[PDB]
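**Q** There's a structure below that I have some questions on.
Note: ideal-geometry Cβ built from the backbone for every residue, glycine included; neighbour counts use all protein chains shown. Read-outs: derived from the displayed coordinates by stated rules, not from any lab.
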2 protein chains.
Amino acid sequence: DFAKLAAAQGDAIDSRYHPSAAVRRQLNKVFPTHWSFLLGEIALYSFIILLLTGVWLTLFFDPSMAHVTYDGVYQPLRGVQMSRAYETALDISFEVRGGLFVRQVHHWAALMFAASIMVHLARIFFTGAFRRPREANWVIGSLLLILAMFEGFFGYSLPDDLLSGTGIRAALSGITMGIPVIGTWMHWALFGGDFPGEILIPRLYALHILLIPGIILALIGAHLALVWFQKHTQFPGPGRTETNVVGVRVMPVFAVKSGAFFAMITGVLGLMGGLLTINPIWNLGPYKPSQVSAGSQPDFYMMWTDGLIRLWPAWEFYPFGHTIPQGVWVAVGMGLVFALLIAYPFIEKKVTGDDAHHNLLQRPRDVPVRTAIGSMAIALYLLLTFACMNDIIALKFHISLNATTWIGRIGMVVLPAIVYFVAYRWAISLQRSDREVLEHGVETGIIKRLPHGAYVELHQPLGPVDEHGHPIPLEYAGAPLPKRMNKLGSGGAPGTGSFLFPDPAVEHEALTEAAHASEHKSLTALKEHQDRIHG
Amino acid sequence: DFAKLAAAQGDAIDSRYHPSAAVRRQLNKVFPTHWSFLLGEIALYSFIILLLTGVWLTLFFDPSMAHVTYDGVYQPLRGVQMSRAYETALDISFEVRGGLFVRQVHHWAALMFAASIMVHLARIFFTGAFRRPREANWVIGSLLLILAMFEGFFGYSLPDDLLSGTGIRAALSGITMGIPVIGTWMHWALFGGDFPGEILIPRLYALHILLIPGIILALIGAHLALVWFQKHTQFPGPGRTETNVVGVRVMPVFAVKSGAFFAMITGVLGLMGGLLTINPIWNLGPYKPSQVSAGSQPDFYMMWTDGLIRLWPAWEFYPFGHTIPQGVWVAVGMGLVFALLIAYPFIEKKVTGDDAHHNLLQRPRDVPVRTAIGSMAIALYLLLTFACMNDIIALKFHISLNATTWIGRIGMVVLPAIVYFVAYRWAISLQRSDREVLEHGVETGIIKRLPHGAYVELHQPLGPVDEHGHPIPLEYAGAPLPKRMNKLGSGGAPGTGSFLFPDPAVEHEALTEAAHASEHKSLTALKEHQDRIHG
Ligand SMILES: CC(C)=CCC/C(C)=C/CC/C(C)=C/CC/C(C)=C/CC/C(C)=C/CC/C(C)=C/CC/C(C)=C/CC/C(C)=C/CC/C(C)=C/CC1=C(C)C(=O)c2ccccc2C1=O
Ligand SMILES: CC(C)=CCC/C(C)=C/CC/C(C)=C/CC/C(C)=C/CC/C(C)=C\CC/C(C)=C/CC/C(C)=C/CC/C(C)=C/CC/C(C)=C/CC1=C(C)C(=O)c2ccccc2C1=O
Ligand SMILES: CC(C)=CCC/C(C)=C\CC/C(C)=C/CC/C(C)=C/CC/C(C)=C/CC/C(C)=C/CC/C(C)=C/CC/C(C)=C/CC/C(C)=C\CC1=C(C)C(=O)c2ccccc2C1=O
Ligand SMILES: CCCCCCCC/C=C\CCCCCCCC(=O)OC[C@H](COP(=O)(O)OCCN)OC(=O)CCCCCCCCCCCCCCC
Ligand code: HEM
Ligand code: HEM
């Protein structure tokens, strides 16, 4: 008797505790059903997959520089001096069933985690989901993005490898040791001495399995709690105002679709862990200071820092008996990037002057300057990311390496400006398109007027029509407009039988009539709620 | 203008978010001010200190069996093959400033964590805090205790040492291989091979710094949330009923005293880490299968399992072509111990019939059978612990080793019975003493009657006095009774000046009658509330 068991367990729960009111509040909480609001959920799900795979990896990984001859199963690396970290990473890859798959899906989950954090940041920045409220949420999210970047940096550096060890030698050692006043002191305190210090990988292992992931988990908890109790903002729409949340309740629809999205995201990650090879450490021999490859790139999230290193024009300063290497330039650049990213909402509010409590998002077109600035920043980030890849770009796409380097150098001041101007004008022209649609109706097929040979597009007004043909122009309301009769009630009722065969006419008529009635009911409910709110 | 800054920050917080009602609820939450309710806080604080010191330790610890010659500073161990784990533990001890202190305070915090968990378990069990509302809390707390025990095991097993290594060899390896159908398979899965498998310490390091601490943190969060929302139970008292919490609010008093208690617990643990030497691994050479020591004990929280191993009388069964060693006996014993501990509240309610919502604690004297059973269990646990220590007990206290082993064997069935009987009768006699006080008043000095030579103790009634000398007996209300006029309004007004010199008589009188007024005001307020609840 499952129903009896469920009722008895509910009574027991509500007797031991009294969670009825709180649980009802959680279930009734309304969440907007916009697709762009699942971008953060992508990052959350990738983080969960990262945790689950990381536990499995920690069950088999041994962090240490203690030198060992492989004497394992991978023949091409046998009798070669390697660290225990590399040896156990190879053991995971080869001598543990499914270990290669687990580590590959872990690395793919890391890449998706970074990418989805970046996409979520784009969404919130361009839709203005940070101003007045949620500004602290944006701040902690920026901290979270930085932590994710460095977490992946320590992760793919964890198995002592030629590629990743070269990346460590470049960034962690050179940049740290070039910093003027305390650079060498930070280097020696991180590495327990010179660069190959015997504690680097154990320290990174601690940082990467417990310390940084613990902070990421705490900040994700704060992030989700803030989103939960500072009700999710929504785009302007029919019944959507600054003092309501139009969407679907947590229990029936939102919960099921979020769980299904989690399932699909982990399916994509597993498919890619299987079908696509990520970080073949067996190909990448053990780290040796004397050995190196030509690629020498970090993961795509640190690729912009690496590209900054490559592009910056070798400017070094030599004060009285001292040196200020080019590493400090990139270090200060990263510091500025992170400071600006963290402090943007406060910078934006100081500049514009808007401290009003904003709960309705604004379409990126409706804010030309901010969308222009975001496009400029994304252009700079892409420029740096491809500058880091200039080696392979030059190799495959036949362009001289010096040409790629100088293309990056010139573009990082030219391309951001070009993209800013183009994005600003593009946003304003999207606004102009919205206004033309508002004042003339949607466009359709052309008709030749009866008496004379006039051609008229035969528009379709979106609002009340004046006594004569032309309609009364509507006022923009911050919400998307239908620019194709395609997406309106025009040519959208195919025979509802099947792909191969029809259904009985009675069933088809019943189905289509019921669907039309449901559409009428939904639109009327939205219209009446909107009228009640604004009247 | 700190006041203005605080006001502006509060307004900004209440504008961005709306935490006014929730924060007021948290601040106004009332917590009973009984000392025994700080026992769980002791464990929580020791856990926090454990986290803080463990992060520092992981910054310097390298888990690996990779063999290395020390070549450090510690002269007595130079050129000796040791695992990198032992080498880095020695490096923490000697070659890191304060690393010895940090690891010692970490181990002392582990011991205090186990001890305070045990004391808190005793408190709740004997006071009946596990009844209907909080059996789930009891269950998760039992899981927490088990996790704490095993994490301490893995923690003092992390630095591969002679003592910890032989303890691992005995408990983990032997008792795992002993298990009949899957013992050897479990051993091979855990160690990745034979006992000295080269993944054991990395696996334990992961389990100990990330996995088990994560589960313990989640369970402590659930525990504290349950205590917070299922308002803390309280002992019977003047104004205390099953539907109220008499105590102090969170903000002014409880928060301050809890923070101060955490400070003092940290101070005790730091003082111990300084003055008392805990696990001096340097005296203990690196683990070798051949080297041994006479002591060979685990930490006190696993000493009971080790004592079970020692005492259980070598009963092995040999099915058709197989063996069932004596280790499986102890494995089943531990299983039974944990099962009974976790399932006691449900066992208690099945036995007694209590399905009532209990919010008033029971005095251990007021619940004899449960008090007797708890005393019997504590006696068994102490017998097992001292049986594990029987080696050192025999060495120092001159008792034959065989004599101690057989004392343990006989007493593990005799001492539990003796302690059960004694505790049951002791509880009933405490009840009898309480009723004697209720019916005769508190006892005082003797007086010789005027006409004849009778001697009367000159009692002091605690309630209304009959028309004649003898008082009207009061009804027992589950609250402690004052058996000394010491603790009542008698002999409690020393000169309030100072230790060496007096104060002006006007000041002394003002202070003393102010205190008298305050204490009688408190008594009257409690009395009025008690009368108001029913009257
Ligand atoms: C399994 C099992 C319990 C087997 C029996 C072995 C055993 C514990 C026998 C009892 C030990 C005793 C009390 C020996 C003294 C001789 C004796 C038996 C006298 C008769 C006992 C009796 C009924 C006396 C009447 C009055 C009475 C109650 C006297 C008790 C006297 C004592 C010793 C009280 C304290 C109890 C106690 C600490 C016993 C030893 C237990 C342990 C584990 C001590 C651990 C310990 C040791 C071993 C150190 O060397 C040490 C060195 C430096 C700093 C700290 C320590 C430390 O903590
Ligand atoms: C970026 C932004 C919105 C900024 C707001 C303004 C602001 C506050 C700036 C503060 C700091 C400064 C100085 C920033 C300038 C440079 C900068 C952004 C530095 C930090 C870099 C960083 C940590 C994060 C930037 C993240 C971001 C939003 C990236 C664009 C990602 C998005 C939304 C892409 C569109 C979504 C989508 C369908 C993508 C798939 C289509 C493809 C393939 C797009 C192109 C593409 C991309 C985007 C790669 O990242 C990439 C990496 C490695 C190999 C190849 C590719 C590649 O082909
Ligand atoms: C060789 C080898 C080892 C292979 C394995 C690889 C490995 C190591 C690990 C991966 C293996 C596993 C275990 C994969 C599956 C992971 C997993 C749990 C998937 C669940 C998805 C699934 C099976 C769905 C079935 C379809 C179905 C009926 C769905 C509806 C019922 C379900 C499952 C609902 C789940 C709801 C859900 C995702 C809860 C997540 C809980 C968390 C952390 C947060 C909740 C939460 C969410 C989700 C928000 O979006 C949100 C947005 C704004 C503010 C707050 C929140 C918030 O608090
Ligand atoms: C990849 C790209 C790089 C990354 C890009 C992200 C960084 C933030 C982006 C842009 C910041 C500069 C914005 C433009 C600032 C406008 C200047 C001005 O002239 O002030 C006019 C305003 C309007 O006032 P109004 O009553 O509307 O009158 C209309 C008059 N025509 O005045 C004010 O309130 C504000 C005056 C002071 C503003 C100070 C803002 C900067 C604070 C320091 C942070 C560092 C900035 C880094 C810059 C890159
Ligand atoms: C929080 C976000 C995280 C990110 C972005 C991340 C990223 C990465 C990446 C990219 C790798 C390289 C894998 C490879 O090269 O095969 C890695 C390795 C590893 N990660 Fe993480 N990780 C995260 C969290 C975790 C967690 C929570 C754990 C433990 C529970 C963990 C444990 C490990 C281990 C043990 C390795 C070494 C595997 C190997 O050497 O192949 N990671 N991580
Ligand atoms: C939660 C309860 C915990 C308990 C009961 C516990 C217990 C112990 C004990 C008794 C030791 C032996 C120390 C020595 O022999 O000097 C130890 C070692 C260690 N603990 Fe834990 N610990 C806990 C949590 C943690 C956490 C959270 C971390 C990491 C953040 C950690 C990291 C370590 C490390 C790295 C060692 C080895 C250091 C050494 O060998 O000296 N512990 N643990």
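**Q** Scan the stretch B:466-475 for residues that are surrounded by 15 or more Cβ atoms within 10 Å (Cβ to Cβ) and of a type outside the set (A, V, I, L, M) and jot them down.
**A** B:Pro471, B:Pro473
**Q** Yes or no: the stretch A:346-353 includes at least one residue that is of a type outside the set (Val, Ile, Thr), surrounded by 14 or more Cβ atoms within 10 Å (Cβ to Cβ), more than 16 Å from ligand 4 (Cβ to nearest atom) and under 26 Å from the mean Cα position of the chain (by Cα).
**A** No, the stretch A:346-353 has no match at all.
**Q** Of the residues B:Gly167, B:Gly155, only one is under 22 Å from B:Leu308 (Cβ atoms) and surrounded by 23 or more Cβ atoms within 10 Å (Cβ to Cβ); which?
**A** Testing whether each residue is under 22 Å from B:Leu308 (Cβ atoms) and surrounded by 23 or more Cβ atoms within 10 Å (Cβ to Cβ) leaves just B:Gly155.
**Q** Based on what the data block shows, is B:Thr88 among the hydroxyl-bearing types (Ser, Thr, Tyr), within 16 Å of ligand 5 (Cβ to nearest atom) and buried (at least 22 other Cβ atoms within 10 Å of the Cβ)?
**A** no
**Q** Output the residue which, of all residues in the stretch A:228-265 that are of a type in the set (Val, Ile, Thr) and surrounded by 14 or more Cβ atoms within 10 Å (Cβ to Cβ), is nearest to the other protein chains (Cβ to nearest Cβ).
**A** A:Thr233
**Q** So, A:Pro76, is that one loosely packed, with under 13 Cβ neighbours inside 10 Å and over 30 Å from B:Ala356 (Cβ atoms) or not?
**A** For A:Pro76, the condition - loosely packed, with under 13 Cβ neighbours inside 10 Å and over 30 Å from B:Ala356 (Cβ atoms) - is met.
**Q** Which one is farthest from the chain's Cα centre (by Cα) among residues in the stretch A:297-329 that are of a type in the set (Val, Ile, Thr) and not in a loop (DSSP other than H, G, I, E, B)?
**A** Here the answer is A:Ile324.
**Q** When you scan the stretch A:370-388, how many residues do you find that are within 10 Å of ligand 4 (Cβ to nearest atom) and either at positive phi or in contact with a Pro (Cβ under 6 Å, 6 or more places away or on another chain) (or both)?
**A** So the answer is 3.
**Q** Out of the residues in the stretch B:398-409 that are more than 28 Å from the chain's Cα centre (by Cα) and not polar (S, T, N, Q), state the one that is farthest from ligand 3 (Cβ to nearest atom).
**A** It comes out as B:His398.
**Q** Sticking with this one: Find the helices (runs of 4 or more DSSP H) located wholly in the stretch A:34-151 whose residues include 2 or more that are more than 14 Å from every other protein chain (Cβ to nearest Cβ), polar (S, T, N, Q) and away from ligand 1 (no atom under 16 Å from the Cβ), and list them.
**A** Helices (runs of 4 or more DSSP H) meeting the threshold: A:99-127.
**Q** If you don't mind, another one. Only one of A:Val256, A:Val337, A:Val332, A:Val351 is part of a helix (DSSP H, G or I), of a type outside the set (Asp, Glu) and closer than 30 Å to A:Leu52 by Cβ. Can you tell me which?
**A** A:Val256
**Q** Still on this model: Only one residue in A:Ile410, A:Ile378 is without any contact (Cβ under 8 Å) to a residue 12 or more places away in the chain and either away from chain B (no Cβ under 14 Å) or away from ligand 2 (no atom under 15 Å from the Cβ) (or both). Which one?
**A** A:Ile410
**Q** Which of the residues belonging to the stretch A:306-332 are small (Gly, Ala, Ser) and crowded, with 16+ Cβ neighbours inside 10 Å?
**A** A:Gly307, A:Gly327, A:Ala331
**Q** Another question, then. Checking the structure you have, find out if any residue of the stretch B:186-209 is more than 13 Å from chain A (Cβ to nearest Cβ), touching a strand residue (DSSP E or B) at 6+ places or on another chain (Cβ under 9 Å) and more than 19 Å from B:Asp306 (Cβ to Cβ).
**A** Scanning the stretch B:186-209 turns up no residue that is more than 13 Å from chain A (Cβ to nearest Cβ), touching a strand residue (DSSP E or B) at 6+ places or on another chain (Cβ under 9 Å) and more than 19 Å from B:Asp306 (Cβ to Cβ).
**Q** Given the criteria in a loop (DSSP other than H, G, I, E, B), out of contact with any strand residue (DSSP E or B) (no Cβ under 7 Å at 6 or more places or on another chain), surrounded by fewer than 18 Cβ atoms within 10 Å (Cβ to Cβ) and free of Cβ contacts under 8 Å to residues at least 40 places away in the same chain, does A:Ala294 qualify?
**A** The answer is no for A:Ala294.
**Q** Okay, moving on. Of everything in the stretch A:116-135 that's within 16 Å of ligand 3 (Cβ to nearest atom) and closer than 30 Å to A:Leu172 by Cα, which residue is surrounded by the most Cβ atoms within 10 Å (Cβ to Cβ)?
**A** Top of the filtered list is A:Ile117.
**Q** Name the pairs: first residue in the stretch A:89-109 and free of Cβ contacts under 8 Å to residues at least 12 places away in the same chain, second residue more than 9 Å from ligand 3 (Cβ to nearest atom), Cβ to Cβ under 6 Å, at least 6 apart or on different chains?
**A** Close Cβ pairs satisfying both conditions: A:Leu100/A:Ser93.
**Q** Turning to a different aspect of this structure: I'd like the full set of residues that are of a type in the set (A, V, I, L, M, F, W, C) and either in contact with a helix residue (DSSP H, G or I) (Cβ under 7 Å, 6 or more places away or on another chain) or within 8 Å of ligand 3 (Cβ to nearest atom) (or both), limited to the stretch A:255-271.
**A** The answer is A:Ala255, A:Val256, A:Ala260, A:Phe261, A:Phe262, A:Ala263, A:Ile265, A:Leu269.
**Q** Scan the stretch B:2-16 and give yes if some residue there is of a type outside the set (A, V, I, L, M, F, W, C), touching a helix residue (DSSP H, G or I) at 6+ places or on another chain (Cβ under 7 Å), within 21 Å of B:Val250 (Cβ to Cβ) and within 14 Å of chain A (Cβ to nearest Cβ), otherwise no.
**A** Yes, that holds for at least one residue.
**Q** Could you tell me which of the residues B:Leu341, B:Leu382 is away from ligand 3 (no atom under 16 Å from the Cβ) and closer than 22 Å to B:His232 by Cα?
**A** B:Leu341
**Q** Checking A:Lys350 against (1) over 25 Å from A:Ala115 (Cβ atoms); (2) within 14 Å of ligand 2 (Cβ to nearest atom); (3) within 14 Å of another protein chain (Cβ to nearest Cβ), which single condition isn't satisfied?
**A** Every condition holds for A:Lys350 apart from (3).
**Q** Would you pick out the residues in the stretch A:164-174 that are within 16 Å of ligand 2 (Cβ to nearest atom) and either hydrophobic (A, V, I, L, M, F, W, C) or within 14 Å of chain B (Cβ to nearest Cβ) (or both)?
**A** A:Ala171
**Q** Out of everything in the stretch A:156-186 that is in contact (Cβ under 8 Å) with a residue 60 or more places away in the chain and outside any helix (DSSP H, G or I), what residue ends up being nearest to A:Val328 (Cα to Cα)?
**A** By that ranking, first place goes to A:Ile179.
**Q** Contact list please: Cβ distance under 9 Å, first residue in the stretch B:1-16 and among the charged types (D, E, K, R), second residue loosely packed, with under 11 Cβ neighbours inside 10 Å, pairs at least six apart or on different chains.
**A** Note: no pairs meet the criteria.
**Q** Moving on. Tell me, which residue of the stretch A:447-504 that is more than 34 Å from the chain's Cα centre (by Cα) and hydroxyl-bearing (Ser, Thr, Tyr) is nearest to A:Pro364 (Cα to Cα)?
**A** Ranking the candidates gives A:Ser490 first.
**Q** Can I ask one more? Which residues, taken from the stretch A:154-178, are in contact with a strand residue (DSSP E or B) (Cβ under 8 Å, 6 or more places away or on another chain), more than 16 Å from ligand 5 (Cβ to nearest atom) and among the charged types (D, E, K, R)?
**A** Once the filter is applied, which keeps residues that are in contact with a strand residue (DSSP E or B) (Cβ under 8 Å, 6 or more places away or on another chain), more than 16 Å from ligand 5 (Cβ to nearest atom) and among the charged types (D, E, K, R), the stretch A:154-178 yields nothing.
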